[PDB]
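Asks: This one's experimental. Sequence and coordinates below.
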Amino acid sequence: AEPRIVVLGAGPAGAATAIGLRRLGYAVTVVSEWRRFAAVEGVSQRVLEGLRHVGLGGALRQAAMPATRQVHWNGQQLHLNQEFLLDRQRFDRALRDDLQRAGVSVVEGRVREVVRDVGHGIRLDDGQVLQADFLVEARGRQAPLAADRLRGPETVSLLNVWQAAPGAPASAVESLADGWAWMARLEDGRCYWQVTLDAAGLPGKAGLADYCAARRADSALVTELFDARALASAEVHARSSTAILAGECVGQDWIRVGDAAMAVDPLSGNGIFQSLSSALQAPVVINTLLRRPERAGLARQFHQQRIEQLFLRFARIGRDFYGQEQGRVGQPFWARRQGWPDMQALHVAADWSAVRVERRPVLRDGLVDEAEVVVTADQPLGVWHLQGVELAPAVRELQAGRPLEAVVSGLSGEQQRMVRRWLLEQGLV
Ligand SMILES: Cc1cc2nc3c(=O)[nH]c(=O)nc-3n(C[C@H](O)[C@H](O)[C@H](O)COP(=O)(O)OP(=O)(O)OC[C@H]3O[C@@H](n4cnc5c(N)ncnc54)[C@H](O)[C@@H]3O)c2cc1C
């Protein structure tokens, strides 16, 4: 009498969630399409061990290759390295091995339609119908269009892909007047160029090839890095790269993870990590939805609020990157992106007067429960405990006028010093 869990999509987020469910003891089936266009992304040192932290590190090193990287930004020609390139062709095909290794069924196929048929009726292009008691939606930006909770400045990434001479790997980033470009050349000679711009005023389909060709032809970086440019014959692709927080991300028997839940624009070079963050606690939410469905409200709130806070944090991190470009002051592309989503600092200022004790969702023993937590400026979702020491009783007593020394007198001296340091950081000084 075990639930049928089906995950749609086998990118980083779907794969991560599937393996997490396996570790909780769940049988899991993943459905996803074999491949898509040739895309290579920039990945940091963190992402790759973060990707093995989740258990996808096998899918990793034959898809990732080291490469130098010229960075042009704020008037500085800067030659960084120790960041890699990830070939999503190798990567996604390799993700399926790690899933089968973990005991996950990988049913290849494009999903046609999902229907409310007792459970979930997942109808595939080849006519097969897979029944799901629980559905994980993990098809990335290709997820079915729902309403948005938040939407940033409309943004498009235009991509050129072509073939050049092998054996000369490199990558680069340059700030342009009305956008920025990322480009890469793999060791086998595959070439990549992707420019990120405001969606407004771009040409239609027929004009995109000429538009990209002129931009590549205008770049001294493109000339240096690429001997053959294939200005006329390069494939041309257009990707929506708008920052999007999904309107709905969890139900009684479904959950969205990854880009299907939230995605910010790709300036950070950290999207895969950010998508993994959105799936990190998806398995415990599912575990609650299945083992204690009476607590679905709490579990749903836990996932929604985590996803929204992640989205906002990554959006502000990206904003600060845009803000490092200080030589573009009259340009609408940059001004719009240097002030979005807002001007709030990444670490908010304390306000002890505003601290509240509230009953909020918490994680305990693999299930979303509810507990009195302490809500602060820096933690809108609340802090439950520090190393087992629940804070709400202390803060209740402090707000009732009990002196701090008495409030903490029952803990060990080390726990007393731990609690005092937290209170200082929350503005009780
Ligand atoms: C222009 C651009 C540039 C980026 N650059 C970077 C970068 O340099 N570094 C970085 O770390 N991140 C980058 N990202 C972000 C990164 O691609 C995503 O964060 C990440 O891939 C999202 O993971 P996911 O598993 O949620 O979705 P995906 O990785 O997109 O996985 C979705 C999976 O589902 C499949 N699928 C889609 N539709 C269907 C369907 N109907 N039926 C079945 N399967 C389906 C797809 O084939 C795919 O395997 C970039 C994103 C964009 C848009």
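Replies: It's in. Numbering: from 1, shown residues only.

Asks: For the lengthiest helix in the chain, buried residues please.
Replies: Counting by DSSP state H, the longest helix found in the chain is helix 296-324. Of all the residues in helix 296-324, those buried under the rule 16 or more other C-beta atoms under 10 Å are 296, 298-304, 306-308, 310-312, 314-316, 318-319, 321-322. From N, CA and C alone the C-beta is placed, and that goes for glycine too.

Asks: Packing partners of it?
Replies: Packed against helix 296-324 by the contact rule (3 or more C-beta pairs under 8 Å, 6 or more residues apart in numbering; DSSP states H and E) you find strand 148-151, strand 244-246, strand 262-263, helix 271-279, helix 282-291, helix 332-338, strand 356-364, strand 367-375.

Asks: can we see that at 7 Å?
Replies: Packing partners of helix 296-324 (3 or more C-beta pairs under 7 Å, 6 or more residues apart in numbering; DSSP states H and E): strand 262-263, helix 271-279, helix 282-291, helix 332-338, strand 356-364, strand 367-375.

Asks: Tabulate these (TSV), appending mean neighbour count and distance to residue 382.
Replies: Formatted as TSV, the helices and strands packed on helix 296-324 follow (neighbours: other C-beta atoms under 10 Å; distance: least, C-beta to C-beta, whole Å):
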stretch	mean neighbour count	distance to residue 382
strand 262-263	26	20
helix 271-279	24	19
helix 282-291	23	17
helix 332-338	18	31
strand 356-364	16	4
strand 367-375	19	3
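
Asks: mind checking which of these is nearest the ligand?
Replies: Among these, the nearest to the ligand by C-beta to the nearest ligand atom is helix 271-279 (2.5 Å).

Asks: could I get that closest one in PDB with only the CA atoms?
Replies: This file holds the C-alpha atoms of helix 271-279, laid out as PDB (Å, rounded to 0.1, in the frame of the first residue of the first chain):
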ATOM      1  CA  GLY A 271      21.700  28.700 -11.300                       C
ATOM      2  CA  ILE A 272      22.200  24.900 -10.900                       C
ATOM      3  CA  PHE A 273      23.100  25.500  -7.200                       C
ATOM      4  CA  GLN A 274      20.100  27.700  -6.700                       C
ATOM      5  CA  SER A 275      17.800  25.100  -8.300                       C
ATOM      6  CA  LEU A 276      19.300  22.400  -6.000                       C
ATOM      7  CA  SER A 277      18.600  24.700  -3.000                       C
ATOM      8  CA  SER A 278      14.900  24.700  -4.000                       C
ATOM      9  CA  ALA A 279      14.800  20.900  -4.000                       C
END
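
Asks: Is it positioned near the ligand?
Replies: Yes. Counting by C-beta under 6 Å from any ligand atom, the ligand is contacted by helix 271-279 at 271-272, 275.

Asks: Check stretch 91-107 too.
Replies: Yes. Stretch 91-107 is in contact with the ligand by C-beta under 6 Å from any ligand atom, via residue 92.

Asks: What are the buried residues along that stretch?
Replies: Quick answer for stretch 91-107 (16+ other C-beta under 10 Å): 91-92, 94-96, 98-99, 102, 104, 106.

Asks: which element is residue 130 on?
Replies: strand 129-132 (DSSP states H and E).

Asks: Would you quantify the distance from residue 19 to residue 13?
Replies: 11 Å (C-beta to C-beta, to the nearest Å).

Asks: neighbour count winner among the two?
Replies: residue 13 (31 against 23; other C-beta atoms under 10 Å).

Asks: Does that one belong to a helix, a strand or coil?
Replies: The three-state assignment at residue 13 reads helix, by DSSP: H, G, I helix; E, B strand; the rest coil.

Asks: from what I can see it touches residue 279, true?
Replies: Yes. Look at residue 13 against residue 279 with C-beta atoms under 7 Å: they come within range, at 4.5 Å.
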